[PDB]
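Peer 1: Just the first chains of my complex for now:
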Amino acid sequence: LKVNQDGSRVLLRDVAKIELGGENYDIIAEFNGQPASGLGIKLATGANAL
């Protein structure tokens, strides 16, 4: 983020916390009390359901 000519430097980790999260923490889904995710499968046209 900022380096002088004498070698002194500022790193991003020195000013902020980097982690791996989600895009939006707006919806929390719990299946029977446990955290969970889901998928929704739609049938294509002209296909056998069974």
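Peer 2: Arrived safely, thanks for sending. Numbers count the residues shown, from 1 in each chain, chains lettered A, B, ... in the order given.

Peer 1: Next, count neighbours for residue A:9.
Peer 2: Residue A:9 is flanked by 10 other residues according to other CB atoms under 10 Å. All C-beta spots, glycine's among them, are computed from the backbone N, C-alpha and C.

Peer 1: Same check on residue A:2?
Peer 2: 8.

Peer 1: ok, now which ones touch it?
Peer 2: A:9, A:10 (CB atoms under 8 Å, 6 or more residues apart in numbering).

Peer 1: make it 6 Å
Peer 2: By CB atoms under 6 Å, 6 or more residues apart in numbering, residue A:2 lies in contact with residue A:10.

Peer 1: Quick check: bridge partners of it?
Peer 2: Beta-bridge pairing of residue A:2 under DSSP bridges involves residue A:10.

Peer 1: Next, work out how far apart the residue located most distally from the centre of chain A and residue A:12 are.
Peer 2: Relative to the centre of chain A, and counting by CA atoms, centre = their mean, the farthest-placed residue is residue A:6 at 38.3 Å. Counting by CB to CB, to the nearest Å, the separation of residue A:6 from residue A:12 is 20 Å.

Peer 1: And for residue A:3?
Peer 2: From residue A:3 to residue A:12 the distance is 12 Å (CB to CB).

Peer 1: and the end-to-end length of stretch A:20-28?
Peer 2: This stretch, stretch A:20-28, spans 17 Å end to end (CA to CA, to the nearest Å).

Peer 1: residue closest to the middle of chain A?
Peer 2: residue A:22 (2.3 Å).

Peer 1: Please report how far it lies from residue A:33.
Peer 2: 20 Å.

Peer 1: again, but for residue A:10
Peer 2: Distance from residue A:10 to residue A:33, by CB to CB: 44 Å.

Peer 1: who has more neighbours, those two?
Peer 2: residue A:10 (11 against 6).

Peer 1: In this structure that one contacts residue A:4, no?
Peer 2: No: the pair residue A:10 and residue A:4 does not pass the contact test of CB atoms under 6 Å, sitting 9.4 Å apart.

Peer 1: Residue A:3 is in contact with residue A:9, isn't it?
Peer 2: Yes: taking CB under 6 Å as the definition, residue A:3 is a contact partner of residue A:9 at 4.5 Å.

Peer 1: count of neighbours near residue A:19?
Peer 2: Applying other CB under 10 Å, I find that residue A:19 has 5 neighbouring residues.

Peer 1: hey, C-alpha coordinates of stretch A:31-50 in CSV?
Peer 2: Provided in CSV are the C-alpha atoms of stretch A:31-50 (Å, rounded to 0.1, in the frame of the first residue of the first chain):
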residue,chain,number,x,y,z
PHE,A,31,-32.3,-27.5,8.1
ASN,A,32,-33.5,-29.1,11.4
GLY,A,33,-31.2,-26.7,13.3
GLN,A,34,-28.1,-27.4,11.2
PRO,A,35,-26.6,-25.0,8.6
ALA,A,36,-27.4,-26.1,5.1
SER,A,37,-27.6,-25.1,1.4
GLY,A,38,-29.8,-26.2,-1.4
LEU,A,39,-30.3,-26.7,-5.1
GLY,A,40,-33.5,-26.4,-7.2
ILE,A,41,-33.9,-28.7,-10.2
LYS,A,42,-36.5,-27.8,-12.8
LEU,A,43,-37.6,-30.3,-15.4
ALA,A,44,-36.6,-29.6,-19.0
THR,A,45,-39.3,-29.5,-21.6
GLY,A,46,-40.1,-32.8,-23.3
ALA,A,47,-38.4,-34.9,-20.7
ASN,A,48,-39.5,-37.9,-18.5
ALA,A,49,-40.0,-36.9,-14.9
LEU,A,50,-39.5,-40.3,-13.3
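
Peer 1: could you also fit chain B onto it:
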Amino acid sequence: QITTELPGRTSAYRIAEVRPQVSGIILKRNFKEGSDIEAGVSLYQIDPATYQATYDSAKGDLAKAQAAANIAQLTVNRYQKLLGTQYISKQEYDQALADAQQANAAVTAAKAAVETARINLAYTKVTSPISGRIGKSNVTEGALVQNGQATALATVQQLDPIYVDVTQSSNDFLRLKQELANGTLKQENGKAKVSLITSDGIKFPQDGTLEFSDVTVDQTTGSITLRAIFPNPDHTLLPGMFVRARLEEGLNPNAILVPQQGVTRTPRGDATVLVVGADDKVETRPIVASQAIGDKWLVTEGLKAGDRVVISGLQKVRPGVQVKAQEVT
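Peer 2: One more chain to add, chain B, which I have set with the ones above:
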């Protein structure tokens, strides 16, 4: 051993910027560039005209004072010879002695003035303050100079040994000091050894030592500076270049190293290990392997001495399965 990599720049052991103590027109250059210079050797030659005139004036004043002292001394000697049998009054002898003393004091003052003039005249023959290697000449013959000017004439620097100014974060310095004070890290002998890495990555055959860790904190960045000294016999290092420095800050005795093949990591970053209990079963234990040394990982928490951890055949083993243990070096 605990090592830290830091950036820094090199600097000359002793550097002097040659500046003129007088003012005048340069007449001649007495040194060849890029050659080792002996201390006290005249480098330039500024115009000595006015200083020569001042020296002549001082010499004339000294001659006048010396003549006065000589005549006073002769009179004193004659009066002393006469005084033996009270042929002259004591008052005249005392007056003559006082006159001689005053004349000698005036001679001393004239000598001091002559010495000052001689120093000023010798200032024109610019002499290198120290030995070392001299660079180019920022000015040439015919370029006017003034006393105490900002623009230096030349630079004389010593290339052996060399200094390395290396930047250390203040938080890291405080944390290391606190760890040292709590006995978590050891300290042997004196100055901590410092290794160097150049731009291409060649390890320096010689080893320097850190000395004089500074105390002032840079406002813009928030870091302090440290100084290391490196012998430079082969002139493989030059002032002002960019280098990396490796510093050892103690010897952790309770270090635990785990092979990297036996620890798994979730995509988020948490780390677990497959341990084997006394019951010849396999369990999963979370560990914190923040740092990697060589090929192994340094575990700081979650493990204790005597733990029996698997490194090989993790694919063939599922947690909660009876497995026999075989030790491999």
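
Peer 1: please look at the neighbour count of residue A:19 again, because chain B has been put in.
Peer 2: 7 (other CB atoms under 10 Å in any protein chain shown).

Peer 1: and it, helix, strand or coil?
Peer 2: coil (DSSP: H, G, I helix; E, B strand; the rest coil).

Peer 1: Give me the secondary structure label for the residue farthest from the centre of chain A.
Peer 2: Classified using three-state DSSP, residue A:6 is coil.

Peer 1: List the contacts of it.
Peer 2: By CB atoms under 6 Å, 6 or more residues apart in numbering or on different chains, the contact set of residue A:6 is empty.

Peer 1: picking up where we left off before, so the residue nearest to the centre of chain A belongs to a strand, correct?
Peer 2: No: assignment of residue A:22 by three-state DSSP gives coil, placing it outside any strand.

Peer 1: got the buried residues for stretch B:14-23?
Peer 2: Counting neighbours by 16 or more other CB atoms under 10 Å in any protein chain shown, one finds that the buried residues in stretch B:14-23 are B:16, B:18, B:19, B:20, B:22.

Peer 1: Then stretch B:106-113?
Peer 2: B:106, B:107, B:110, B:113.

Peer 1: so residue B:227 bridges to which residues?
Peer 2: Here residue B:227, judged by DSSP bridges, has bridge partners residue B:165, residue B:211.

Peer 1: burial count for residue 13?
Peer 2: No chain in the question, so chain A it is. Counted with other CB under 10 Å, the neighbours of residue A:13 add up to 8.

Peer 1: try again with chain B
Peer 2: 16.

Peer 1: Contact partners for residue 33?
Peer 2: Since you didn't name a chain, this refers to chain A. Contacts for residue A:33 (CB under 6 Å, 6+ apart) come out as none.

Peer 1: Correction: the question concerned chain B.
Peer 2: Contacts of residue B:33 (CB under 6 Å, 6+ apart): residue B:136.

Peer 1: repeat that with 10 Å
Peer 2: B:133, B:134, B:135, B:136, B:137, B:154 (CB atoms under 10 Å, 6 or more residues apart in numbering or on different chains).

Peer 1: Pull up the residues of chain A that are close to chain B.
Peer 2: Selection of chain A residues close to chain B by CB under 10 Å from any CB of the partner chain yields A:2-11, A:14, A:19-21.

Peer 1: let's see 8 Å
Peer 2: Residues of chain A found near chain B (CB under 8 Å from any CB of the partner chain) are A:2, A:4, A:6, A:7, A:8, A:9, A:10, A:14, A:19, A:20.

Peer 1: Could you double-check that the last one lies in contact with residue B:266?
Peer 2: What it means is residue A:20. No: counting by CB atoms under 8 Å, residue A:20 does not reach residue B:266; the two are 10.1 Å apart.

Peer 1: okay, now residue 3: neighbour count?
Peer 2: No chain in the question, so chain A it is. Other residues close to residue A:3 by other CB under 10 Å number 13.

Peer 1: not quite, I wanted chain B
Peer 2: 10.

Peer 1: also put chain C on there:
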Amino acid sequence: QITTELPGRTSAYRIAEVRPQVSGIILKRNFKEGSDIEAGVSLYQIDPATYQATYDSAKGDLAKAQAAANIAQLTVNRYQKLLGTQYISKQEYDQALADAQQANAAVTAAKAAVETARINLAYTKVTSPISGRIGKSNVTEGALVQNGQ
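Peer 2: Next up, chain C placed on what we already have:
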């Protein structure tokens, strides 16, 4: 309870920037960086040549004034001895006493001048004004320094 959390910056209780009081060339460095020092110790050593010459000139002037004062005092003592029997008029004694007083005043002036010269000479031996921790030297041996730079 009501509290307020604020940013702030630390600063030393007493910080002194060593600056020369005389002009010349540094010939020596009589301290090692990063070490606590005591007040009054000499840090650098600037060339004392011209200041030494000035000190010598002041000492010579002081010696001249001292000789004049001594001869005046001798004359005053002799006249005071002779005044007892009324063999010299009071005018001569008063004149001699005035001459002695003037000589003593000149000696005092010479002493003041030599004190100033000694102060200037002692300035060349750069002394730390306070006690504390000293960092690196921004100038090494051979650098030219100016008065009050």
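
Peer 1: With chain C now part of the structure, what is the answer for the contacts of residue A:2?
Peer 2: A:9, A:10, B:220, B:221 (CB atoms under 8 Å, 6 or more residues apart in numbering or on different chains).

Peer 1: Could you do residue B:3 as well?
Peer 2: With CB under 8 Å, 6+ apart, residue B:3 has these contacts: B:246, B:247, B:248, B:249.

Peer 1: Which of those residues fall in strands?
Peer 2: Mapping the contacts of residue B:3 onto strands (DSSP state E) picks out B:246, B:247, B:248.

Peer 1: Centre of the chain to stretch B:248-260, how far?
Peer 2: The chain centroid and the centroid of stretch B:248-260 are separated by 33 Å, computed with CA atoms, centre = their mean, to the nearest Å.

Peer 1: Determine how far the last residue of that stretch lies from the first.
Peer 2: Using CA to CA, the two ends of stretch B:248-260 sit 24 Å apart.

Peer 1: quick revisit: which of the ones in strands among the contacts of residue B:3 are close to chain A?
Peer 2: Okay, of the ones in strands among the contacts of residue B:3, nothing touches chain A (CB under 8 Å from any CB).

Peer 1: hang on, the earlier thing: now, among the contacts of residue A:2, which is nearest to chain C?
Peer 2: residue B:220 (12.6 Å; CB to the nearest CB).

Peer 1: Helix, strand or coil: sort out that closest one for me.
Peer 2: Residue B:220 - assigned by three-state DSSP - is coil.

Peer 1: ok, now how distant is it from residue B:87?
Peer 2: 89 Å.

Peer 1: to the chain's geometric centre, what's the distance from whichever strand or helix holds residue B:168?
Peer 2: Using DSSP states H and E, residue B:168 falls within strand B:154-169. On the basis of CA atoms, centre = their mean, the separation between the geometric centre of strand B:154-169 and that of its chain is 6 Å.

Peer 1: Just give the closest residue to residue B:169, not the sequence neighbours.
Peer 2: residue B:223 (4.9 Å; CB to CB, 6 or more residues apart in numbering or on different chains).

Peer 1: tally of neighbours for residue B:46?
Peer 2: 21.

Peer 1: Apologies, that question was intended for residue B:255.
Peer 2: Residue B:255: 12 neighbours (other CB under 10 Å).

Peer 1: again with residue B:231
Peer 2: Residue B:231: 14 neighbours (other CB under 10 Å).

Peer 1: Tell me the spacing between it and residue B:213.
Peer 2: Taken as CB to CB, the span from residue B:231 to residue B:213 is 20 Å.

Peer 1: what do you get for residue B:176?
Peer 2: 10 Å.

Peer 1: What is the nearest of the contacts of residue B:3 to chain C?
Peer 2: Of the contacts of residue B:3, the one sitting nearest to chain C (CB to the nearest CB) turns out to be residue B:247, at 15.8 Å.
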